[PDB]
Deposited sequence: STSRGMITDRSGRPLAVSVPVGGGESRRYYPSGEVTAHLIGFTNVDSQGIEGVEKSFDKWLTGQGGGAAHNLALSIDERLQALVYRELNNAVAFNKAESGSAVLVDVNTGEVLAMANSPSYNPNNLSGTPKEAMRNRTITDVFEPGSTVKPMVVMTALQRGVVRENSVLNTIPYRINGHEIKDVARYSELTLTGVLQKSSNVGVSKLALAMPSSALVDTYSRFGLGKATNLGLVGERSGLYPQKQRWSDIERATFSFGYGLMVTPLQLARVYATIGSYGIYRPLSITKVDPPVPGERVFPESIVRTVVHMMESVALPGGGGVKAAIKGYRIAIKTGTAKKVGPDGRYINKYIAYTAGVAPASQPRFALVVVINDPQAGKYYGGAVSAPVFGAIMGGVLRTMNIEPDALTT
């Protein structure tokens, strides 16, 4: 008397198989591939984790079946690249979230390491944490597209403007890029991911500017998926800011976001400024959402984000044959247990695709890579192109770019 969980097209993800005659159990056909989102039961058909626990009442007849928003073909290829990229880079964990730009539907949600819900004996209480909703890390350079949007909105800068990116000092702390550049343009600021460029913008604006924009894209706001351990991130509510706090805010200092939240930011970028709620159940279109940023400004920055994936950007590794993509890379220094920064990194690559008319938002988070490279452009960017390349071609998206 236990309902069945399926993906958005009917594929079984949690079935009650009869074993032993009359008595039945619970089988998970995808296994580790979708473990964290799906969860598991006990011997009493009681949900303990994931969708199995969140919908335990609906799945017993207080019995109905539940069509998730996941596409198992997409979940499988997300997991295949994410799992083998955690291993290859010898990382602590890795998370990836794939969201439908037009409906906020979660088409995939994966972590490595994982566990097998068909035989969870020996697996501790960790490794059952859904990293996509429980990990909170500083977003780093991935917020920079929103800084350009705010600057264009507040009239501080115009599309064709050359910024002075020579290093400088704010109070005691100094600001410098990975590679020194005497000057840069807006498209160049995001291309090279210039910490100096965006910090100059953050100082020519009231501190409330970036606070308003980041929130309009969902940061610090709950995701309301209903799952266990779903964290809302740490968000600054400061009444007064320092000059160094405003500057480092433009490249991901002073806030912590879950991978699910960061995927919602890029679904709002790919919708050109429409903010839609996230869903792990198959939705009935339409999903109108709320307009949170002017369309013309987000399209302008979406186009700027293409040069990250083109020769010169810090994300050329993510390129895909025959498609335009608009992405942003990111590297964050991890915070230690004492509250100060250690020598461990979070490698990001977030983006939308295809750039001509984005249909999918994708986020790749690789926690603590230790194998030769540590920054997103070399660690998570090639994973982005592998996943998104598989996504665009599985979903039969018309090729975009002459390549």
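Checklist entry - Numbering the deposited sequence from 1, which residue ranges have no coordinates here? => result In the chain as deposited, 1 to 2, 65 to 68, 410 carry no coordinates.
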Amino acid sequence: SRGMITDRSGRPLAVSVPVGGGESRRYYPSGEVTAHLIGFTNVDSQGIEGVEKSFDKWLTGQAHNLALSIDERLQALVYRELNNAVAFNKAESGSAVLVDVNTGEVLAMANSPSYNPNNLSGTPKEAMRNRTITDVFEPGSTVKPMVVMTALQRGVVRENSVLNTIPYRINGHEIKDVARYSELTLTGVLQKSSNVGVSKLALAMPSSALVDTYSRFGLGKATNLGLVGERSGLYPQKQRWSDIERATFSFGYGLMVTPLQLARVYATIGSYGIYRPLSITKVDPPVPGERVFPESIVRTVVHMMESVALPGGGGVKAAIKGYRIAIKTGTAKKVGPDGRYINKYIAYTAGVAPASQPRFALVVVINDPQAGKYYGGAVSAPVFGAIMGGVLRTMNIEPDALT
From here on, numbers count along this sequence of modelled residues.
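Item to check | Of 101 to 109 and 123 to 131, the stretch whose C-alpha atoms average the higher B-factor in the entry | outcome: Mean CA B-factor is higher for 123 to 131.
Checklist entry - With respect to the recorded C-alpha B factors, which stretch has the higher mean value, 381 to 389 or 15 to 23? => result If you average the C-alpha B-factors of 381 to 389 and of 15 to 23, the larger mean comes out for 15 to 23.
Next on the checklist: Out of 43, 364, 361, 346, whose C-alpha atom has the biggest B factor in the entry?
Outcome noted: Top of the list by C-alpha B-factor: 43.
Item to check | Residue selected from 318, 166, 280, 77 by maximal Cα B factor | outcome: Across 318, 166, 280, 77, the entry lists the biggest C-alpha B-factor for 166.
Next on the checklist: When the deposited Cα B-factors of this chain's modelled residues are ordered and cut into thirds, is residue 234 in the lowest, the middle or the highest one?
Outcome noted: Within its chain, residue 234 is a highest-third residue by C-alpha B-factor, going by the deposited values.
Item to check | Third of chain Cα B-factors occupied by residue 62 | outcome: For residue 62, the deposited C-alpha B-factor lands in the highest third.
Checklist entry - Which third of the chain does residue 149 land in by C-alpha B-factor: lowest, middle or highest? => result Middle third of the chain for residue 149's C-alpha B-factor.
Next on the checklist: Considering every modelled residue of the chain and its Cα B-factor in the PDB entry, is residue 295 in the lowest, middle or highest third?
Outcome noted: According to the entry, residue 295 has a C-alpha B-factor in the chain's lowest third.
Item to check | CA B-factor placement of residue 217, once the chain's modelled residues are sorted into thirds | outcome: According to the entry, residue 217 has a C-alpha B-factor in the chain's lowest third.
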